[PDB]
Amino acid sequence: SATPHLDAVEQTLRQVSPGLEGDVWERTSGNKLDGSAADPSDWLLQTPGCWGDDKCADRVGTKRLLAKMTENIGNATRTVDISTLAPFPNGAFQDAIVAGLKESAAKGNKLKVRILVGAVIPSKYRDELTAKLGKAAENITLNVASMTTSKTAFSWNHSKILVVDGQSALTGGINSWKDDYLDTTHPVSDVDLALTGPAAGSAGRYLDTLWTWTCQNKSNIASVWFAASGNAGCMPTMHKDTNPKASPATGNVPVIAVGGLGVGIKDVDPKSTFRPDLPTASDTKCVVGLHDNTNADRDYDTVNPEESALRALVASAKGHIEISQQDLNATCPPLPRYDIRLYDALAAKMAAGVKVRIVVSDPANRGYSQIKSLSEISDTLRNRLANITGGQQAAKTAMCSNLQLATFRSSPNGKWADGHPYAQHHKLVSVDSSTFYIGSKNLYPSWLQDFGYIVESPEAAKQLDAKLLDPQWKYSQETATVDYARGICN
């Protein structure tokens, strides 16, 4: 097969979540990574993109991110569909959205627009946007909502998607928060991707799934705050109703779109006959009373295929795996400390000689960090390795021979020049310089609505190496507590 990694991930998803195929996950062909002619790798919307410079003077990443948001929205003829984590977009993120909407209106288009956040706010944002659009607002039917799907399971939207006409999609880890990303001399390091094709339709069907729940629950104040322009109603199926069921083809790139429904939207996929072997405990559940959806809830997996997809992506690797995250571990309580099956999958790979690189955010950020020390990751990997290598000594040897583990830097300085630690927020997994995930789903335990793309394209994977992973390792490797390539083993 030309797509061994997607084939494996797809076979897992059809067992886990067959009833959600089409809507919460979907494999498509015919996509394109949407870079420019001058810089074809710039589908990779990293921010700030100021490698080597502790003053972050030339933010080529940020500039491209904001320009691409405006360009995509400005090309809308029918729909603009945005999700993010609250607060609602501000600063130059909001400026980019307003500029694009004004551009589309001036080209003569009448648009439907949805903006969904996970949590007086929605009405205030709607009014700010309408004021800023001026006469362009007459061309726009707007829905704005904030939502929480479960208080007790801490579940709300965490996806960060911008879909236009069901044709183009931007998604990734970037929240639209000016103070953390933009107006600061210690900007957060993160990444989105830009694509076009049928996979953008997949994102539109995912957002229809979320808005269908949101509109059904719009009169329940504890769950949903909703605001619309004029006399407009809630639009649960804007994508289905307005865009073609199969988006046009734009290229040759195969993609698996995958997300999750968190807790409180749907309890189980009734079509699933998935019956997992659930790992033998570990020291993940810090307290006996906590209900652990990540490690001990089969039904949760069936409505959160993204967890299984990411674990399957790791399992598909033949040579090497690079992981860039804010964290691998969560704060307990209320979440379990780690995904046991994920760490087991990484351990299985290292026991087989497949190299694993994990770069996380500096604990000095703890907040863009949830651990005190990298030992909280290496101890856990070592303990899971011990189950499959015969003991603690053989686990340590396997780990030290196959692991790179470090905290993130983007220049030679240990911190930004302004003295603040580097914070990173990517949700990135790449395997074999072939297949990668970029999206909103963290690898640390979390029970939110999330979404992302798994792309199998060696060309694009090589671009990701050159533009992000290689520079990251260049500067980050100085903090490594384990690095097989240099014989480091603390």
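We call the rigid core whatever largest set of C-alpha positions still superposes within 1.5 Å between the two forms. Numbering starts at 1 and runs along the sequence shown.
- Of 274 to 282 and 73 to 81, the stretch whose C-alpha atoms sit farther from the shown form in 6 other deposited structures of this protein, after fitting on the rigid core, is 274 to 282.
- The stretch that strays farther, by root mean square C-alpha distance over structures and residues in 6 other deposited structures of this protein after a rigid core fit, is 120 to 128, when 120 to 128 is set against 162 to 170.
- Counting the deposited residues that fall between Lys110 and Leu111 and carry no coordinates gives zero.
- Count the deposited residues lacking coordinates between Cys400 and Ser401 and you get none at all.
- As recorded in the PDB entry, 44 to 52 is the stretch of 443 to 451 and 44 to 52 with the greater mean C-alpha temperature factor.
- When the mean C-alpha temperature factors of 88 to 96 and 388 to 396 are read from the deposited coordinates, 388 to 396 comes out higher.
- Based on the entry's C-alpha B-factors, the most elevated value among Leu346, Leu170, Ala119, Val191 belongs to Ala119.
- Among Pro254, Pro187, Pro334, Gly262, the highest C-alpha B-factor in the deposited entry belongs to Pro334.
- When the CA B factors of the chain's modelled residues are split into thirds, the value for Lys372 lands in the highest one.
- The PDB entry assigns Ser36 a C-alpha temperature factor belonging to the highest third of its chain's modelled residues.
- For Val60, the recorded CA temperature factor ranks within the highest third of the chain's modelled residues.
- Split the chain's modelled residues into thirds by C-alpha temperature factor. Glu478 is in the highest one.
- In the PDB entry, a CA B factor belonging to the lowest third of its chain's modelled residues is recorded for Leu342.
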